[PDB]
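By convention in this document, chain letters (A, B, ...) are assigned in the order of the sequence lines, proteins followed by strands, and residues within each chain are numbered from 1.
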Amino acid sequence: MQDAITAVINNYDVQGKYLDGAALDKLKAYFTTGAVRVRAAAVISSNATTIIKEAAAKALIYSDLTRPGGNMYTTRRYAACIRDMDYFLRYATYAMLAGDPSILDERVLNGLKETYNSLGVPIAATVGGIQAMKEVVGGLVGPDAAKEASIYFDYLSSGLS
Amino acid sequence: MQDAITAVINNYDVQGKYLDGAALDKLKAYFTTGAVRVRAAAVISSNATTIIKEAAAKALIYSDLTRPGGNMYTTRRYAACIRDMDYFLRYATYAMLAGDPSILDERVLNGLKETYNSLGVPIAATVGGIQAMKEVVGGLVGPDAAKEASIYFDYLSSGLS
Amino acid sequence: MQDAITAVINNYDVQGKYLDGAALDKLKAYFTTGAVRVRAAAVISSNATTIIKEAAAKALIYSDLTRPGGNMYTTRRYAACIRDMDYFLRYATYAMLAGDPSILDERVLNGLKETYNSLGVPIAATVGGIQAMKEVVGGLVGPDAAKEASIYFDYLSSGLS
Amino acid sequence: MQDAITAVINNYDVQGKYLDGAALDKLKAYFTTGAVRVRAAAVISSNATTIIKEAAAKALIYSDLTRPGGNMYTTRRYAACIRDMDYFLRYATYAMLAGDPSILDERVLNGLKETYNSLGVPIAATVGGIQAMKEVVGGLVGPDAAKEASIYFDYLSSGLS
Amino acid sequence: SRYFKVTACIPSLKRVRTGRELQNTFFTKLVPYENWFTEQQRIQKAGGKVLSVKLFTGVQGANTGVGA
Amino acid sequence: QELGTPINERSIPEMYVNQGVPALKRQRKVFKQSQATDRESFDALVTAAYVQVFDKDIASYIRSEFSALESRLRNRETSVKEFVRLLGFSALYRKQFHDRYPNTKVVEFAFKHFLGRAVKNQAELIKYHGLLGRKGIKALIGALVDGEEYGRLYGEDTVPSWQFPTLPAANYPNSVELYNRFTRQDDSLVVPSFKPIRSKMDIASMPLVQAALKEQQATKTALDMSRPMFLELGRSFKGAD
Amino acid sequence: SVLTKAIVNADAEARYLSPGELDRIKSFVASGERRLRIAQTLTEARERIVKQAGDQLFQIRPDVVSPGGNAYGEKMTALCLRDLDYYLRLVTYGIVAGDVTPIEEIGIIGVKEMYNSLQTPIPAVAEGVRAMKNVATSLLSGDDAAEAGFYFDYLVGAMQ
Amino acid sequence: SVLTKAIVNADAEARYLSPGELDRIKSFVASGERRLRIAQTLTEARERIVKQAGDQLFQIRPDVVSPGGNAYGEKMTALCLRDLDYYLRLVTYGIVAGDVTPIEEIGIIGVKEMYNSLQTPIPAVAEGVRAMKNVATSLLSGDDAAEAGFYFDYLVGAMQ
Amino acid sequence: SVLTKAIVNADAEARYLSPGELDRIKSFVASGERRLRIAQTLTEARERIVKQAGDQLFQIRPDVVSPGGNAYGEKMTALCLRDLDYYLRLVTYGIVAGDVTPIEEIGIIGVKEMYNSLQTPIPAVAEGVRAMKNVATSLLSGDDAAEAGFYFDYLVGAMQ
Amino acid sequence: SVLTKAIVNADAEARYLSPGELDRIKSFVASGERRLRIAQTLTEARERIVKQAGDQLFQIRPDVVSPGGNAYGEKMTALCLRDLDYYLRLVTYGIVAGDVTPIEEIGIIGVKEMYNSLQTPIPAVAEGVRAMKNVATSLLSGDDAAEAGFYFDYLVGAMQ
Ligand SMILES: CCC1=C(C)/C(=C/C2=NC(=C\c3[nH]c(/C=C4\NC(=O)[C@H](C)[C@H]4CC)c(C)c3CCC(=O)O)/C(CCC(=O)O)=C2C)NC1=O
Ligand SMILES: CCC1=C(C)/C(=C/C2=NC(=C\c3[nH]c(/C=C4\NC(=O)[C@H](C)[C@H]4CC)c(C)c3CCC(=O)O)/C(CCC(=O)O)=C2C)NC1=O
Ligand SMILES: CCC1=C(C)/C(=C/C2=NC(=C\c3[nH]c(/C=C4\NC(=O)[C@H](C)[C@H]4CC)c(C)c3CCC(=O)O)/C(CCC(=O)O)=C2C)NC1=O
Ligand SMILES: CCC1=C(C)/C(=C/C2=NC(=C\c3[nH]c(/C=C4\NC(=O)[C@H](C)[C@H]4CC)c(C)c3CCC(=O)O)/C(CCC(=O)O)=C2C)NC1=O
Ligand SMILES: CCC1=C(C)/C(=C/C2=NC(=C\c3[nH]c(/C=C4\NC(=O)[C@H](C)[C@H]4CC)c(C)c3CCC(=O)O)/C(CCC(=O)O)=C2C)NC1=O
Ligand SMILES: CCC1=C(C)/C(=C/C2=NC(=C\c3[nH]c(/C=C4\NC(=O)[C@H](C)[C@H]4CC)c(C)c3CCC(=O)O)/C(CCC(=O)O)=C2C)NC1=O
Ligand SMILES: CCC1=C(C)/C(=C/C2=NC(=C\c3[nH]c(/C=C4\NC(=O)[C@H](C)[C@H]4CC)c(C)c3CCC(=O)O)/C(CCC(=O)O)=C2C)NC1=O
Ligand SMILES: CCC1=C(C)/C(=C/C2=NC(=C\c3[nH]c(/C=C4\NC(=O)[C@H](C)[C@H]4CC)c(C)c3CCC(=O)O)/C(CCC(=O)O)=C2C)NC1=O
Ligand SMILES: CCC1=C(C)/C(=C/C2=NC(=C\c3[nH]c(/C=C4\NC(=O)[C@H](C)[C@H]4CC)c(C)c3CCC(=O)O)/C(CCC(=O)O)=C2C)NC1=O
Ligand SMILES: CCC1=C(C)/C(=C/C2=NC(=C\c3[nH]c(/C=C4\NC(=O)[C@H](C)[C@H]4CC)c(C)c3CCC(=O)O)/C(CCC(=O)O)=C2C)NC1=O
């Protein structure tokens, strides 16, 4: 994986360049937002379970999805689905700390679209589950962090569609 | 394409068999339901536009799908979507007359899943549009024809998922 | 896999239906033939080797198949072929006990047609090997069980062609 | 294994005692030496190969040990011996970081005396190889860390004799 | 070519377990010379005592034939 | 009543029966040595360890070559892990799953016979495939079986098994592809290598960083400081223009 | 079923069924009509069993139908009894299958995670499931009531 | 500790500690005196924390100290608070270790099986554990109260 | 970085980062400004560090610039200093990130095999790096010189 | 505000602001953005905060929502949460003002007389406010949670 900082280092390493003014400006733009990323992660982590619960309640359950014939019918599949939800939330929190989406590609999106096609897992319904968790997250983390958390949920959801 | 009758003829032709008792029984099972298929097609055809309107109203519009960022946003895409809906309805009516789903594969499903993935067209939302038209159709055509119309809508929808 | 008792349950579960009268009638139709299935399996199992021997003798060996240039030439390939034969016999015996062909799809037919195309294994010749074992089986198991054993051999053989 | 922080906890747990003043004083006595342990480990790790080379040169090679009839004769056994040396160095570095010798018992000394008796490996010669690496280590790590590194080499060597 | 015969006792420290499991915790067995060693580590890195080790197959002196 | 009935009829009940992992994940059995005491049972264990390593088709032909190995297992001289390892070092293994394939499919086949899955990431292919290039098959096998992963998952007795893994990304579908190919059905490498990903969002275009860079500009150019005003009053903001 | 569980053992050892395995299929299938009757009786009284289970449950623990209760209100209650209807259905399936395979995949594996999310109080649910045993069992002969009772106590067991 | 958890990774890969691993040991040990102060304060008020936790618990759920309650009576109560004293002790251990290794082996692995046997109601116990957080946290500075709070919420988490 | 290392360990365990796994990162952020500054300082004097490193090297090991030496000649020496310029660059990268990470992938994993092929004496490359430490360290304050020195000694360590 | 309070004391003693008064205006205004963030977060979660205070309240006092209780019934409960929504709003006002002037004139002076007339139990309104503190405080960083907490405890104090 890479973060903001290693994204820059590797982009310069392939050119064998010492870090110059443009590079140093990028890294500053990361460091200057760093404390806010940490606070936001502590809110998400400590509200993890409630975010999933409120996101499922707005976007998944009370529906045909949970009623025989639906993909989250059976305790078995309901558990798998909210398990997935926890992955998304947790990794988006990593991406936002790192300030780089590369981890969402390497460890979450790669092959996932076809995995879901192969099992029958409804893609559009999963995206709504992602964009509902974003909605909840953006309330909990506040002005400071709302836009920055949000983008990696949006990265996740256009990665499936 | 093939219908009930040519399905049987081609299955025997590859064995070079004259039609035997088992074959003749199958063909009877088609002919004996034939008049009912015709009446059902005349109801669907003549209510085509109302079925689409009621199916869209229950399963597509008044939603994020029709509001900026949604795939059926723009008059341009709204028109394409209900155009599609008309295809489904019309072809399902062909399949049900023929008593064979082969036309739904040859002229509708082949490549369509990936076509929709490539344009971004939401699959799950399209299935609901299919299963809503089925619901309306099953009311309009009555006891005689309800089960027989229904199956080719179900063929269409498990063809996408 | 599924069996007649299990299939009735999963077919109703997806509709969320209690078992009702129609379901209960199906299950009876299985239980009422159960003792006969068991006796038939004990005949097949205990005559396994003789059935393969008589089936090969009527439908495979004494031929170009066993001669140089033939697919069951070499002790290696002759062994592989009658090994296969044992699979078919054994699984058909499972399908007939279960009163459901689903195991023949899941664990025998899936990909087998193309596997045989890729190795050069003659399909038509293999079908004759299946329909010869059926012929022998139907003699050994008697009136009680003949039709019921036979169908899963016929399932196997139309699965390849 | 256990370390100074962990040992204090398990030593009190078996008595069911809260950590009290005496316990808290012990833990302080560890924390207050902690930074120095880390620096010392980084010197040992990064000079690993040179320490073995200088220790072997002072205490093992240029001798009957490396000549025919000697236990470190053959490239096989010479390799096994300096492989061992690396274990000792590496584990002593663990013990010194942990501030507890328990790992040297659990993962190094247990059964080793008899293992060496069974293979014929000369014990006294191995101790000199340990006490030569200590000598080198004590120069490289400096006043700060010399005594603390030294004791776990001495633990190792009285564990064999 | 050489083989060590070793006794190991490894307890379960996460989870308890529920069905017979007695050969999975205290066992003895011949192990090859090439591993016996990196399996000596896996056993001690999973918190297990190693009780006894015996040579079994080879000769203590060595030099030739060992390598096979 | 009706809040437990479907809403859209499941009208070809069957298409809805089969969605999910599939049935094979849970309709298969695990053989362990420790509850495979007694002769009847022990033969099953053994026969199922030839179906895990070797894979089914070619395990049908085994007759009695490994019979000295079986005696030792039967007599408790070696554990199930030793038996498994030793059957990977045998010439039959080597002939069947190594001699006819390129060295990167040898690693993949071995992953699925001794571990259950497919290669997880690329830092692995590299590790294990560069130990086969360096030392041949017996080191590749010896490594898989003595890993932490094998030990956690399988322990001393437990014949290895197919696990349908859930995590890392793509491990599940990669593995399920491997699992459902009969011997010689398809011999392509499934996981040839993991393509390296790229990056589509420059990191200074993100919101938090992007706005902390605008602020960075303002301060240096525009303004003065903590040194005496006389020094700050004769400063040029630009430097070369 | 007994078949699914057992054949699986056959295929996994690459062999035909044992005399033992064949015997149990025979004894099992002989006990078919009775098991079908047990399911019929209970299917026939499902609405009564659920409703009377629901009263027995809320006496033994009402708080769930109170201001801060998971099942507080008319439609939060319409769901709790619906879940009780679900589990009775699965119990009829189990009885006709002669084991839990179906009961398990449909309604216990994942049930902890589902209910923890909903913060339905699961342990109250076990008591609710237990009440259904009491009602259903009063509509069956002694012998059939015991045979049914094993499957009720299994579900009670799995929610644990 | 952090050491135990991390070194284990070193030995398992047959290697010396990484720069990363060395850095975290350094940052960890720098945070030592503070962690020791947090444990001292709580050790110093243990009897108050337990007692006030015990009142907070029985209001939020009294039934346990009633005729058919697991903790009914003077010596059935002397044991429930003693268990609360046990867990506060383990929480002080965890805080000074910087992880749960010790807390876990001593008092969560096996805890379901222990309490199920005793039929102590475990879920009431989680609430009791939660009460101690409230008391202990009111005797610590904001920063130290949070650091302590993570370990309380862990135990609450593990009884689940 | 410190970030990458922390996260990778987190994700492997599939649980959010700990509340203390948010202490090393905080230290690194404060450190990073200083770390960025040290790298810039090193970058400014690169040509002087390399050249003076190269003199210090050839005095201490004249054999590499001799008839049968890997660096014998004007253009076998030019490539040798270029390699010294490469490693100083990687050292600035390592310092700034706060974790060695990228340098390993760029210039130590595979370095034995590369130089063995070219027949370059590895331990005299390690000497060239010590020589650079000596020069670079004389252009930095005591505190910054130590912080830099760890990364020089790492490279020296990895070529071993 | 802090401004209003400082000035009123200034004008009443016929004088310019003190160094002290000037200092607090300066410290206050420096916390402006932070205080605005604290109000935003809580405004953003208002509906959730009232639904968790309301659950916490009805567990602790099921009687208020009982035959002879002031909040007994669906619309006597609806008004009760609306009052909880009122007080959360006033708490956001107080936090951005840095004192209670606004909170006080709007919702505590006269509150005894209002609720005595309606026969609302005042101390259980104080409990509803503690319940909101608990929820709101779990959506804020340690430092911001304390700053918010002072204003919650004030309202709890004034209903007394
Ligand atoms: C067949 C396998 C299966 C089961 C069992 C199942 C249960 C299930 N119970 C639900 C809700 C619920 N279930 C209950 C049940 C209870 N409340 C209590 O306090 C009692 C302990 C218990 C009644 C005995 C309640 C109160 C809700 C509503 C919770 C909410 O909406 O937050 C929901 C979400 C609503 C929905 O979309 O249907 C599901 C999916 N789903 C399944 O696929
Ligand atoms: C930006 C391009 C764009 C447009 C214009 C657009 C229009 C639009 N108008 C709608 C409904 C409607 N639009 C109207 C409009 C009118 N009724 C009248 O009699 C008048 C002639 C007219 C007002 C001047 C009405 C009454 C409905 C409700 C119809 C229904 O619900 O059946 C709907 C369905 C409701 C929804 O889901 O939003 C859409 C999508 N969508 C788009 O993406
Ligand atoms: C090159 C590798 C290879 C071999 C060896 C081979 C042997 C072979 N021997 C056969 C039959 C036979 N083989 C024998 C041989 C014997 N009878 C005896 O009693 C003696 C012991 C023995 C002569 C020494 C007999 C009698 C049959 C006829 C058996 C029958 O038709 O049932 C058949 C079946 C007839 C056919 O289709 O050709 C094969 C394939 N096939 C091969 O691909
Ligand atoms: C458990 C279900 C299952 C089945 C059924 C199965 C079939 C199967 N048959 C195979 C080959 C084969 N199959 C045959 C079969 C025949 N040769 C003939 O000429 C006849 C027409 C026919 C026998 C009647 C032969 C000769 C081969 C060897 C092809 C080769 O030389 O590679 C192979 C390739 C691997 C191997 O050689 O073992 C598979 C997997 N595998 C399975 O896992
Ligand atoms: C039979 C298997 C076997 C071999 C080969 C072996 C070699 C061996 N060579 C040694 C030293 C040495 N070997 C050499 C050899 C050379 N110097 C060069 O530059 C040339 C490339 C090369 C001569 C062709 C030198 C110079 C030393 C002394 C190194 C020292 O003392 O640091 C030593 C350490 C001195 C001793 O204790 O004997 C051993 C053990 N030992 C064995 O058991
Ligand atoms: C992780 C902790 C650990 C340790 C320490 C360890 C030691 C150890 N040393 C061994 C052999 C040996 N050890 C030596 C050591 C020496 N030869 C000498 O002459 C010197 C006195 C001495 C080096 C200073 C030699 C020569 C052998 C090979 C004996 C043989 O030929 O079989 C063996 C037998 C297996 C093997 O050959 O690798 C073990 C297990 N194993 C472990 O798992
Ligand atoms: C299927 C037949 C079978 C049996 C009976 C069996 C017993 C058995 N008990 C064990 C440990 C143990 N057994 C006990 C038992 C007790 N502690 C006490 O104080 C009491 C006196 C007693 C209970 C009445 C304890 C406490 C341990 C854990 C020892 C440790 O911490 O390592 C272990 C070590 C592995 C493990 O921890 O699970 C085994 C194998 N294993 C088997 O396979
Ligand atoms: C670490 C990164 C990672 C991810 C994200 C991941 C996803 C993932 N989801 C899976 C299944 C699944 N995923 C879902 C998800 C859902 N069901 C719905 O209806 C909703 C639309 C949705 C939840 C919002 C379900 C129901 C299954 C089970 C399918 C089955 O029954 O086989 C599986 C198959 C293996 C398993 O069942 O665990 C994987 C690997 N695996 C990974 O390693
Ligand atoms: C490769 C070298 C090697 C040898 C030699 C070997 C011998 C050996 N003989 C065994 C058993 C046995 N060995 C015999 C032998 C005999 N019975 C008699 O009455 C006669 C006196 C004698 C034959 C002349 C018998 C009957 C058993 C079975 C004991 C039992 O029932 O467990 C076993 C126990 C495991 C098993 O049953 O296979 C081993 C390991 N194992 C080896 O790995
Ligand atoms: C036994 C038969 C066999 C071959 C031949 C083989 C090749 C092979 N080359 C690989 C990578 C590679 N191959 C190269 C080769 C080159 N780079 C260049 O620029 C040059 C043009 C070229 C050398 C002349 C490189 C640089 C990589 C690494 C790609 C990466 O970073 O992932 C890999 C990926 C796994 C790994 O990294 O080891 C394989 C499997 N594998 C095999 O099993």
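- Around the CZ atom of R130(J), the shell of radius 6.0 Å holds no more than 12 heavy atoms that belong to other residues, nucleotides or ligands.
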Listed pairs under 3.5 Å, donor-acceptor, residues 115-122 of chain J side chains, sequence neighbours left out:
unit_1, atom_1, unit_2, atom_2, d
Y115(J), OH, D83(J), OD2, 2.7
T120(J), OG1, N70(J), OD1, 2.6

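- Scanning both residues, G68(G) and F58(J), for their nearest heavy atoms gives N-CB, 4.1 Å.
- Identified by a heavy-atom distance below 4.5 Å to chain G, contributing residues of residues 11-42 of chain J are lacking entirely.
- The structure places CG of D55(J) at 11.5 Å from OH of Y72(G), a figure rounded to the nearest 0.5 Å.
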